[PDB]
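S.K.: I have a structure here, written as structure tokens, and I will follow up with some questions on it.
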Amino acid sequence: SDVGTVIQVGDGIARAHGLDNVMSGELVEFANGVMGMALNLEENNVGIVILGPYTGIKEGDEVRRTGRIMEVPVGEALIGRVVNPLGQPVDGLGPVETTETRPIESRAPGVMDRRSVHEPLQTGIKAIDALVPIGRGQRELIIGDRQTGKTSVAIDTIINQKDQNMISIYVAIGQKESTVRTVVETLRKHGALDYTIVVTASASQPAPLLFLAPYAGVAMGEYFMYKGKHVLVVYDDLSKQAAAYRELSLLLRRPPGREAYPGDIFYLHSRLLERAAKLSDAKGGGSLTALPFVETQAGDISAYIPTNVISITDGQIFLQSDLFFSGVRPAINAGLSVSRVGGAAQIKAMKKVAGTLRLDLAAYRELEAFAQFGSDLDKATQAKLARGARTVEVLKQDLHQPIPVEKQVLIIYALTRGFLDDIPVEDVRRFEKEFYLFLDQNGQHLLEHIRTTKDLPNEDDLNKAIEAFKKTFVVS
Amino acid sequence: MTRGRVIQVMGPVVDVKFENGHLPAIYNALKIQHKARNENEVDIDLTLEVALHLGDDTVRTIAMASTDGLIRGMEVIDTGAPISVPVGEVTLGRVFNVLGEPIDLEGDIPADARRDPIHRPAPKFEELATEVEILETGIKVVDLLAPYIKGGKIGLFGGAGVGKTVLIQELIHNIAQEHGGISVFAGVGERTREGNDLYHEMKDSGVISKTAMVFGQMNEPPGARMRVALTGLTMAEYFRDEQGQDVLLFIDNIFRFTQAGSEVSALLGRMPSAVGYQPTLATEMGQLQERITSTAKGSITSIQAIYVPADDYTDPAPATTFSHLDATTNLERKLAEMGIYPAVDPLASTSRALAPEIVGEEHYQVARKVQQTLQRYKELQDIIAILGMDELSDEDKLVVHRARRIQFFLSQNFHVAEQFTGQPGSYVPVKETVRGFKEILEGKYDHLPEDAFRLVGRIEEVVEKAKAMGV
Amino acid sequence: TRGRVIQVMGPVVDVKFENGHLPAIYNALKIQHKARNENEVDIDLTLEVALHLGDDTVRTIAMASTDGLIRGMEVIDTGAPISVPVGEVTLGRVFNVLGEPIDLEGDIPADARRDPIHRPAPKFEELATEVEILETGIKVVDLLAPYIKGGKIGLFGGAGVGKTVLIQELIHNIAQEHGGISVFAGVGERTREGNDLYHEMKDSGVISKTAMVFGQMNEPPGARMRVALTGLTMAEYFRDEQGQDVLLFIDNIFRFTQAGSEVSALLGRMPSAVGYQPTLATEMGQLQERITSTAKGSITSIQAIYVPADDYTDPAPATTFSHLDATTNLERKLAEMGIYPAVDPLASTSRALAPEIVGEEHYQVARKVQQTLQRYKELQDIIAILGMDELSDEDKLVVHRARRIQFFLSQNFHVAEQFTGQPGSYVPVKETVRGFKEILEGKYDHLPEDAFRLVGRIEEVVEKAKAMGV
Ligand SMILES: Nc1ncnc2c1ncn2[C@@H]1O[C@H](COP(=O)(O)OP(=O)(O)OP(=O)(O)O)[C@@H](O)[C@H]1O
Ligand SMILES: Nc1ncnc2c1ncn2[C@@H]1O[C@H](COP(=O)(O)OP(=O)(O)OP(=O)(O)O)[C@@H](O)[C@H]1O
Ligand SMILES: Nc1ncnc2c1ncn2[C@@H]1O[C@H](COP(=O)(O)OP(=O)(O)OP(=O)(O)O)[C@@H](O)[C@H]1O
Ligand SMILES: [Mg+2]
Ligand SMILES: [Mg+2]
Ligand SMILES: [Mg+2]
């Protein structure tokens with residue numbers, strides 16, 4: 001029949017005898033009210049992973065099958081609410097009021113069902129928008145050592161995307177709920193909770209629910225992507241999902257691989273992350289973009305999980321510790337940071353302004369190393385080092401101060417065309433803000449042309465305005 | 001029959017058989033008491049915790065007391081609940097073990113006192129509350145570059161022989177004996193010599209009247225060493241919830257918790273993982289540390305010591321616990337080999353509080369700049385070795401000149417270091433620290449010799465020291 | 001004849017054929033079920049036999065996800081391996097692992113010729129060899145490790161080094177020149193790059209000269225295993241029965257072996273090496289041997305290989321290294337430095353760097369370049385310890401010219417217009433040799449080192465130096 005008796009219980013796994021007609025992936029329910037997923041079927045005993053606190057489960061307990069595959073409730077009511085990976089409210093405030101349930105075992109958008117990523121996305125950060133542009137539908141990785149700026153950049157991005165309608169989802173995997181509370185409160189404070197959903201997986205909750213969390217997040221997002229919305233999903237630590245699956249595999253007695261992870265690590269993350277796409281015009285035009293994160297010990301790019309996830313994503317933003325403590329924030333290493341959809345995601349004015357900046361910054365870095373070993377350099381090398389030093393200042397930015405795309409191109413054009421020649425490196429940051437104010441109060445028409453056209457204006461008036469501002473600006 | 005027989009014994013682990021229909025739960029406590037009928041047989045005083053239900057009426061358990069002398073056919077008793085440690089106000093000024101029994105040789109807690117379980121789920125999302133407020137302990141480095149957070153976790157990371165316990169004791173002194181508030185102390189995996197020295201130091205300081213203690217020690221079987229911290233936590237929980245009183249919870253060398261879990265899992269039959277660690281490293285850790293939080297009803301501040309197994313900081317246990325903390329001080333060894341105590345890494349140490357609007361604009365403005373100058377010193381050493389005077393020039397030379405002065409000033413004389421030199425310690429307040437570092441950065445005192453800046457408390461003392469030495 | 005499913009553990013299933021007949025290894029089985037009630041899920045599945053068990057039982061690797069499978073399901077035996085539609089019909093179309101087409105443009109009827117994917121390799125008598133250079137227009141490959149027509153080409157690298165940029169550049173130039181049938185099989189790729197490449201091909205019109213088989217990351221391991229064999233099977237017909245010269249492209253071959261390792265533990269194989277299956281080299285050689293040029297036809301095969309942790313000494317890259325005739329190894333340091341592509345000049349090799357193939361002057365120039373680069377490679381460790389003012393005149397000149405050289409190995413690319421916004425260039429071999437001869441002799445010492453970065457021809461170097469104002 002549809003029921004069976006549990007025969008073993010421990011650490012979240014429970015073999016059962018019976019359950020003759022059970023299907024693979026089917027949800028089952030215990031008398032404790034705790035749900036379970038029937039992952040493996042042997043000849044005479046099912047292997048059940050427990051989706052709740054296992055303390056209440058005993059041998060000889062009956063288990064019943066629901067008759068359906070693993071399903072996550074979805075809808076518009078979830079916006080602004082906090083929920084488990086399962087459809088259970090965590091903030092109280094009554095039920096989640098969801099519309100319908102999407103099976104989370106669905107296939108990805110197939111070949112030729114997509115389109116080239118061309119829709120821009122603005123983080124509000126000069127360095128990221130200028131050097132590593134992101135487009136909608138793209139999957140880009142932000143990676144680095146702990147305490148460097150992962151969640152600061154994710155939250156800055158979510159907050160800056162306030163106008164352009166974008167159903168956003170923020171998945172917390174294996175988190176400390178004080179940080180979940182602080183993130184929720186920052187979203188509410190800056191007025192961004194009204195268009196976000198938060199799914200919570202925390203260490204007190206059993207290990208299987210950490211593995212299900214990003215799957216549930218993407219399954220929630222893909223409802224809005226199928227109906228035609230632009231969507232965003234954030235995974236602030238995929239590394240903790242890897243560990244959860246490593247736990248789940250070993251408890252089922254399965255051999256390891258490199259490091260200690262099993263071989264299915266690539267399959268799991270690829271199965272997850274392939275569901276992000278920019279659907280074709282025949283499908284509706286939705287654009288789900290994912291922003292996963294992984295933490296690398298000692299800031300090491302060359303490891304099993306880091307390179308595993310790097311091979312599945314369309315770009316790298318590398319956060320480096322000694323740059324962070326040197327005062328360069330946000331700390332991004334030009335060399336190891338690049339995007340594989342670059343060029344399309346930038347508006348044409350930005351491309352005309354700066355398209356060689358990243359390569360020239362990596363050249364500045366390697367030349368700084370060569371100067372570190374040597375004593376002194378020739379005149380043109382001095383000039384190159386001088387300009388490369390200035391490029392770093394123009395990309396410094398303070399926390400929680402977003403900038404629109406139009407303002408960036410002014411300062412980047414000033415930098416690339418050599419207008420920061422007479423300004424010492426100490427005064428560059430002051431120059432930036434004074435230039436912002438001067439263009440806001442004197443040179444509005446150029447910014448108007450940029451805003452309406454989406455292209456660079458006639459440079460004569462721009463050059464005259466910059467010269468006039470250089471007349472206004474006082475040097476220390 | 002409610003009672004159950006013992007089928008197998010293997011080290012700490014014991015396998016009990018219960019009649020069908022009367023099996024215990026996962027975290028039940030079981031008791032064994034034996035009447036010896038033969039000269040060969042021995043007296044038994046044993047209680048055990050369930051771990052797994054391994055099917056066919058059999059249950060696998062973990063030893064809390066040593067299993068030597070066990071026999072097959074003995075009768076186990078099911079308490080139907082966990083250890084149920086007695087708790088209340090009765091436990092103030094007493095020393096216990098993991099089972100809830102005192103070891104201070106004073107008396108027996110009455111049989112009608114209320115007792116509560118050790119295992120229970122953590123505070124929910126709605127019940128937590130968040131604020132950042134400084135706790136001032138007077139240690140220059142930790143109060144300038146990484147101030148503590150009331151209601152938050154603090155971690156002391158270091159190897160063997162660095163000073164973690166010296167820091168613990170110094171914090172107990174400076175904070176508890178000059179701020180007040182209920183304290184609980186759990187010695188975990190420590191030399192039992194220090195379980196006596198702390199007792200006597202607190203009594204001769206006169207502070208035991210408002211603290212409780214639990215000790216498990218290395219000697220005990222692996223299960224007790226891990227359950228001890230949870231007993232300390234279940235003690236503090238009653239203070240914070242039912243009495244509504246804030247708690248300061250001290251735990252020493254928390255690594256022994258993971259190490260004992262690893263050993264117990266190896267006994268249990270779980271497959272290995274990582275560097276011999278159990279599969280459930282972060283699940284079993286997170287279940288513990290998620291309960292140490294500040295709800296709206298009351299708060300727990302915890303100061304903990306994390307021992308790094310070797311030179312490798314990237315060991316799974318130090319790495320996984322780093323995700324749970326709020327402020328951390330990492331203890332250097334090369335500074336300790338230079339005698340610059342306390343050997344705290346001024347660049348690896350972190351705190352959630354160091355922000356221009358959480359700890360003060362001026363404090364942050366000086367702190368981040370000093371950290372920048374330290375990072376500048378770190379990278380710039382090579383040019384000095386390779387070429388010396390005519391490459392260490394101009395601004396780098398001046399940076400080195402002031403950085404050498406400011407490097408030693410992070411050192412301070414300690415109260416618990418009176419054994420090592422003949423002079424007492426000093427508690428240095430925040431304002432003085434912030435002003436003193438600034439006065440160094442001005443060059444106001446850079447003509448003083450660099451060695452003077454060691455093991456003093458206020459910037460005027462450095463002029464006094466330079467006059468006393470005549471250098 | 002039918003068999004009952006009795007076990008299922010992820011990718012692997014365990015059918016029992018109790019009728020008195022059993023399938024052979026590599027055969028294909030079918031599951032087609034109609035849901036009897038609202039709880040059951042309708043399923044259409046195929047399984048390939050991988051191992052024979054004891055009692056009327058076989059271990060079968062599933063080709064698609066196994067959800068909904070119930071013990072006691074009935075399995076049909078097709079009696080033959082996986083069949084692939086073979087002919088001129090494959091040109092233009094895109095297919096999946098089982099042989100069905102992926103684009104919506106149509107269907108393939110029953111009358112089409114279909115061939116099994118598993119068969120023995122060519123014998124020793126059939127092979128043939130030649131030395132003819134295949135010009136690429138890429139300075140590094142052309143001057144330091146020339147490719148050869150009909151020779152296996154290997155691109156080795158870890159994640160994010162420049163492998164697929166090189167694949168696209170080579171496919172653009174070669175498909176511009178060669179009148180060859182082309183087969184493109186993507187194993188374990190990003191499913192977005194497949195669509196992007198399809199649209200680029202449609203812009204180029206090469207789609208009529210190309211046949212494509214696609215299986216990517218989102219697929220269970222069995223399809224990832226068999227996709228490269230399907231693409232090879234098509235290239236086989238084109239090479240032999242038509243007698244037409246063919247090109248076979250495969251990007252990141254590794255996932256063929258990775259998928260085999262993942263299901264290996266489920267198949268009862270004891271572990272080996274770094275988690276790999278015991279049968280690694282047998283399977284890798286079995287695949288690689290079938291890709292050969294015979295007298296009947298020739299296959300120019302260009303392959304890209306991925307390293308699990310970027311350690312070239314990893315078992316899988318090490319086994320593959322023996323099957324190549326030219327290899328370019330790309331490693332992250334050059335990518336960090338800004339020089340592109342990331343090919344290592346002193347570890348990329350080909351069977352064609354010999355005066356009897358490339359001529360005396362070319363060989364001398366290449367070897368002298370490599371000598372200068374090795375001298376600087378040791379001088380970096382010397383200079384770190386002693387400083388840069390303790391070296392003598394000649395030791396300083398070595399550093400100067402090595403710096404001038406490794407920049408000139410960087411080239412403005414065609415497909416890198418999106419990434420850097422530059423036109424692109426095609427550099428003839430003679431011009432590369434002339435420029436490098438000018439460099440080694442010190443004819444361009446006065447130019448600053450920045451002038452040599454990301455340019456096609458030495459004339460563009462002089463133009464960029466003129467732009468710098470020198
Ligand atoms: N523009 C900026 N200017 C200055 N500081 C910044 C800026 N952006 C981010 N930061 C700093 O970066 C840090 C971000 O910490 P956060 O908690 O977001 O990190 P995380 O990597 O997500 O988490 P964890 O370290 O807990 O794993 C903070 O110290 C914040 O002050
Ligand atoms: N403030 C100090 N001033 C001078 N020397 C000190 C100071 N603190 C510690 N030391 C020296 O370093 C040693 C530190 O010993 P301690 O037991 O505190 O280190 P530990 O290995 O971190 O501790 P444990 O392993 O017991 O947790 C002392 O024995 C003493 O020699
Ligand atoms: N010639 C070049 N000029 C400039 N940038 C380049 C060049 N070649 C590659 N890049 C940059 O490096 C990135 C490398 O991406 P690519 O698809 O080539 O990776 P890969 O080596 O195939 O890696 P993976 O195995 O992870 O797919 C490109 O997206 C681009 O940003
Ligand atoms: Mg974080
Ligand atoms: Mg100690
Ligand atoms: Mg690829």
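Starting from 1 in every chain, residues are counted up; chains themselves are A, B, ... following the order of the structure tokens, and ligands are numbered from 1 as listed.
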Show me, as a ChimeraX atom specification, the residues that have an atom within 12 Å of residue A:132 when counting only C-alpha atoms, minus same-chain residues fewer than 3 positions from it.
M.R.: /A:120-123,125-129,135,140-142,314-318,332-346,350-351,354-359 /C:419-420
S.K.: Write the residues of the selection above to a file with N, CA and C atoms, as a short mmCIF file (atom, residue, chain, number, x, y, z; two decimals), in the first residue's frame.
M.R.:
```
data_model
loop_
_atom_site.label_atom_id
_atom_site.label_comp_id
_atom_site.auth_asym_id
_atom_site.auth_seq_id
_atom_site.Cartn_x
_atom_site.Cartn_y
_atom_site.Cartn_z
N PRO A 120 21.00 45.88 -19.68
CA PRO A 120 21.97 46.25 -18.64
C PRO A 120 21.40 46.11 -17.23
N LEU A 121 22.31 46.00 -16.27
CA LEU A 121 21.98 46.00 -14.85
C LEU A 121 23.00 46.86 -14.13
N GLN A 122 22.54 47.78 -13.29
CA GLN A 122 23.40 48.76 -12.64
C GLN A 122 23.54 48.43 -11.16
N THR A 123 24.77 48.18 -10.72
CA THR A 123 25.00 47.95 -9.29
C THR A 123 25.08 49.25 -8.51
N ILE A 125 27.97 50.80 -8.26
CA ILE A 125 29.37 50.84 -7.83
C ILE A 125 30.22 51.12 -9.06
N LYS A 126 31.05 52.16 -8.98
CA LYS A 126 31.85 52.59 -10.12
C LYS A 126 32.75 51.47 -10.62
N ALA A 127 33.46 50.80 -9.71
CA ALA A 127 34.40 49.76 -10.12
C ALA A 127 33.70 48.61 -10.83
N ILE A 128 32.57 48.14 -10.30
CA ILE A 128 31.89 46.99 -10.89
C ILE A 128 31.24 47.37 -12.22
N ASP A 129 30.55 48.51 -12.25
CA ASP A 129 29.88 48.93 -13.48
C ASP A 129 30.88 49.25 -14.58
N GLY A 135 24.90 41.86 -16.85
CA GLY A 135 23.66 41.96 -17.58
C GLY A 135 22.57 41.07 -17.01
N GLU A 140 26.74 35.52 -12.41
CA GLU A 140 28.09 35.94 -12.06
C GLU A 140 28.40 35.60 -10.61
N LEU A 141 29.65 35.23 -10.36
CA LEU A 141 30.12 34.83 -9.04
C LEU A 141 30.84 35.99 -8.36
N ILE A 142 30.54 36.20 -7.09
CA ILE A 142 31.32 37.07 -6.22
C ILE A 142 31.99 36.17 -5.18
N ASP A 314 29.27 32.83 -15.35
CA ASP A 314 29.69 33.67 -16.47
C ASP A 314 30.59 34.82 -16.05
N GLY A 315 31.21 34.76 -14.87
CA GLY A 315 32.09 35.83 -14.46
C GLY A 315 32.61 35.73 -13.04
N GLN A 316 33.67 36.49 -12.74
CA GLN A 316 34.33 36.45 -11.44
C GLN A 316 34.53 37.87 -10.94
N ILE A 317 34.11 38.13 -9.71
CA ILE A 317 34.52 39.31 -8.96
C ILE A 317 35.31 38.82 -7.76
N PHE A 318 36.60 39.15 -7.70
CA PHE A 318 37.48 38.62 -6.67
C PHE A 318 37.73 39.68 -5.61
N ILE A 332 38.63 44.86 -5.20
CA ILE A 332 38.48 43.96 -6.34
C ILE A 332 39.82 43.86 -7.04
N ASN A 333 40.28 42.63 -7.27
CA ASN A 333 41.52 42.38 -7.99
C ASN A 333 41.21 42.42 -9.48
N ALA A 334 41.78 43.40 -10.18
CA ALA A 334 41.53 43.54 -11.61
C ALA A 334 41.89 42.27 -12.37
N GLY A 335 43.07 41.72 -12.09
CA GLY A 335 43.58 40.55 -12.79
C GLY A 335 42.67 39.34 -12.84
N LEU A 336 42.18 38.90 -11.68
CA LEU A 336 41.36 37.70 -11.60
C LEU A 336 39.87 37.97 -11.80
N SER A 337 39.49 39.22 -12.07
CA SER A 337 38.09 39.60 -12.19
C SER A 337 37.78 39.94 -13.65
N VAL A 338 36.80 39.23 -14.22
CA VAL A 338 36.37 39.48 -15.59
C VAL A 338 34.99 38.87 -15.77
N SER A 339 34.24 39.39 -16.75
CA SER A 339 32.90 38.92 -17.06
C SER A 339 32.87 38.40 -18.49
N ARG A 340 32.16 37.30 -18.69
CA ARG A 340 32.12 36.64 -19.99
C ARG A 340 30.95 37.08 -20.85
N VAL A 341 30.15 38.02 -20.37
CA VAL A 341 29.10 38.66 -21.16
C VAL A 341 29.38 40.15 -21.33
N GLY A 342 30.62 40.56 -21.06
CA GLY A 342 30.95 41.97 -21.12
C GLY A 342 30.81 42.53 -22.51
N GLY A 343 30.53 43.83 -22.58
CA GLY A 343 30.36 44.52 -23.84
C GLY A 343 28.91 44.74 -24.22
N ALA A 344 28.08 43.72 -24.00
CA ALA A 344 26.65 43.86 -24.25
C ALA A 344 25.94 44.53 -23.09
N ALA A 345 26.37 44.24 -21.86
CA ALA A 345 25.68 44.74 -20.67
C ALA A 345 25.90 46.23 -20.45
N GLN A 346 26.92 46.83 -21.04
CA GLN A 346 27.17 48.25 -20.87
C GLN A 346 26.42 49.06 -21.92
N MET A 350 29.11 54.13 -22.04
CA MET A 350 30.11 53.55 -21.16
C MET A 350 31.19 52.83 -21.95
N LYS A 351 30.80 52.09 -22.99
CA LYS A 351 31.76 51.39 -23.83
C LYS A 351 32.69 52.37 -24.54
N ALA A 354 35.08 53.88 -21.53
CA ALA A 354 36.09 52.99 -20.98
C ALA A 354 35.78 51.56 -21.40
N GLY A 355 36.65 50.98 -22.21
CA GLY A 355 36.55 49.59 -22.60
C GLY A 355 37.86 48.85 -22.43
N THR A 356 38.94 49.60 -22.27
CA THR A 356 40.27 49.05 -22.06
C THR A 356 40.73 49.14 -20.61
N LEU A 357 39.86 49.58 -19.70
CA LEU A 357 40.31 49.95 -18.36
C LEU A 357 40.83 48.75 -17.58
N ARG A 358 40.15 47.61 -17.68
CA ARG A 358 40.52 46.44 -16.88
C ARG A 358 41.89 45.92 -17.26
N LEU A 359 42.15 45.78 -18.56
CA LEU A 359 43.45 45.29 -19.01
C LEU A 359 44.56 46.24 -18.59
N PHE C 419 34.96 41.88 -25.78
CA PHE C 419 35.61 41.97 -24.48
C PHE C 419 36.47 43.22 -24.34
N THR C 420 37.14 43.66 -25.41
CA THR C 420 38.06 44.78 -25.32
C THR C 420 37.79 45.91 -26.31
#
```
S.K.: For the strand (DSSP E) assignment from backbone DSSP, which residues of stretch 238-372 of chain A qualify? Please present them as a PyMOL selection string.
M.R.: chain A and resi 287-295+315-319+338-339
S.K.: For the residues in the current selection, export N, CA, C and O atoms as a PDB file, in the first residue's frame.
M.R.:
```
ATOM      1  N   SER A 287      13.767  37.156 -17.467  1.00  0.00           N
ATOM      2  CA  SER A 287      15.217  37.232 -17.263  1.00  0.00           C
ATOM      3  C   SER A 287      15.507  37.030 -15.776  1.00  0.00           C
ATOM      4  O   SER A 287      15.459  37.975 -14.989  1.00  0.00           O
ATOM      5  N   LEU A 288      15.818  35.791 -15.410  1.00  0.00           N
ATOM      6  CA  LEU A 288      16.278  35.474 -14.063  1.00  0.00           C
ATOM      7  C   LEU A 288      17.802  35.490 -14.019  1.00  0.00           C
ATOM      8  O   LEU A 288      18.453  34.739 -14.749  1.00  0.00           O
ATOM      9  N   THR A 289      18.368  36.347 -13.177  1.00  0.00           N
ATOM     10  CA  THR A 289      19.811  36.418 -12.984  1.00  0.00           C
ATOM     11  C   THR A 289      20.175  35.980 -11.568  1.00  0.00           C
ATOM     12  O   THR A 289      19.569  36.440 -10.598  1.00  0.00           O
ATOM     13  N   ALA A 290      21.165  35.097 -11.452  1.00  0.00           N
ATOM     14  CA  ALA A 290      21.601  34.560 -10.170  1.00  0.00           C
ATOM     15  C   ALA A 290      22.950  35.147  -9.776  1.00  0.00           C
ATOM     16  O   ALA A 290      23.801  35.400 -10.631  1.00  0.00           O
ATOM     17  N   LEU A 291      23.128  35.393  -8.474  1.00  0.00           N
ATOM     18  CA  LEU A 291      24.383  35.894  -7.911  1.00  0.00           C
ATOM     19  C   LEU A 291      24.800  35.001  -6.747  1.00  0.00           C
ATOM     20  O   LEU A 291      24.579  35.346  -5.576  1.00  0.00           O
ATOM     21  N   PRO A 292      25.404  33.850  -7.024  1.00  0.00           N
ATOM     22  CA  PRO A 292      25.887  32.995  -5.938  1.00  0.00           C
ATOM     23  C   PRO A 292      27.153  33.553  -5.309  1.00  0.00           C
ATOM     24  O   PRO A 292      27.824  34.435  -5.850  1.00  0.00           O
ATOM     25  N   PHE A 293      27.477  33.015  -4.135  1.00  0.00           N
ATOM     26  CA  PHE A 293      28.705  33.357  -3.435  1.00  0.00           C
ATOM     27  C   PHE A 293      29.352  32.081  -2.922  1.00  0.00           C
ATOM     28  O   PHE A 293      28.667  31.110  -2.588  1.00  0.00           O
ATOM     29  N   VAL A 294      30.680  32.100  -2.846  1.00  0.00           N
ATOM     30  CA  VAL A 294      31.443  31.063  -2.162  1.00  0.00           C
ATOM     31  C   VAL A 294      32.578  31.733  -1.401  1.00  0.00           C
ATOM     32  O   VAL A 294      33.144  32.736  -1.846  1.00  0.00           O
ATOM     33  N   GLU A 295      32.909  31.170  -0.243  1.00  0.00           N
ATOM     34  CA  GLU A 295      34.037  31.631   0.553  1.00  0.00           C
ATOM     35  C   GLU A 295      35.207  30.678   0.358  1.00  0.00           C
ATOM     36  O   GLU A 295      35.046  29.460   0.478  1.00  0.00           O
ATOM     37  N   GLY A 315      31.207  34.757 -14.874  1.00  0.00           N
ATOM     38  CA  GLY A 315      32.087  35.834 -14.458  1.00  0.00           C
ATOM     39  C   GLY A 315      32.610  35.733 -13.040  1.00  0.00           C
ATOM     40  O   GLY A 315      32.073  34.981 -12.223  1.00  0.00           O
ATOM     41  N   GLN A 316      33.669  36.486 -12.742  1.00  0.00           N
ATOM     42  CA  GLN A 316      34.333  36.452 -11.444  1.00  0.00           C
ATOM     43  C   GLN A 316      34.535  37.871 -10.942  1.00  0.00           C
ATOM     44  O   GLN A 316      35.068  38.714 -11.669  1.00  0.00           O
ATOM     45  N   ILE A 317      34.110  38.132  -9.711  1.00  0.00           N
ATOM     46  CA  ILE A 317      34.522  39.315  -8.962  1.00  0.00           C
ATOM     47  C   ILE A 317      35.309  38.820  -7.757  1.00  0.00           C
ATOM     48  O   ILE A 317      34.756  38.145  -6.880  1.00  0.00           O
ATOM     49  N   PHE A 318      36.596  39.148  -7.702  1.00  0.00           N
ATOM     50  CA  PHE A 318      37.483  38.621  -6.675  1.00  0.00           C
ATOM     51  C   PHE A 318      37.731  39.681  -5.610  1.00  0.00           C
ATOM     52  O   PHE A 318      38.203  40.779  -5.917  1.00  0.00           O
ATOM     53  N   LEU A 319      37.422  39.337  -4.361  1.00  0.00           N
ATOM     54  CA  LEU A 319      37.608  40.219  -3.215  1.00  0.00           C
ATOM     55  C   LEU A 319      38.855  39.764  -2.461  1.00  0.00           C
ATOM     56  O   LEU A 319      38.914  38.629  -1.977  1.00  0.00           O
ATOM     57  N   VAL A 338      36.803  39.231 -14.219  1.00  0.00           N
ATOM     58  CA  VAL A 338      36.374  39.476 -15.591  1.00  0.00           C
ATOM     59  C   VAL A 338      34.987  38.874 -15.771  1.00  0.00           C
ATOM     60  O   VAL A 338      34.590  37.961 -15.047  1.00  0.00           O
ATOM     61  N   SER A 339      34.244  39.389 -16.748  1.00  0.00           N
ATOM     62  CA  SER A 339      32.902  38.917 -17.059  1.00  0.00           C
ATOM     63  C   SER A 339      32.869  38.400 -18.487  1.00  0.00           C
ATOM     64  O   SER A 339      33.478  38.986 -19.385  1.00  0.00           O
TER      65      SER A 339
END
```
S.K.: For ligand 5, list the contacting residues at 12 Å or closer, counting only C-alpha atoms and all ligand atoms, as number ranges by chain.
M.R.: B: 156, 158-170, 187-198, 251-254, 304-307
S.K.: Just checking: using only C-alpha atoms and all ligand atoms, which residue out of B:146, B:235, B:386, B:456 ends up closest to ligand 1?
M.R.: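 Using only C-alpha atoms and all ligand atoms, ligand 1 sits closest to B:146.
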S.K.: Counting only C-alpha atoms and all ligand atoms, which protein, DNA or RNA residues come within 8 Å of ligand 1, given as an NGL selection string?
M.R.: (:A and (144-153 or 236 or 295 or 329-330 or 396-401)) or (:B and (323 or 352 or 354-355))
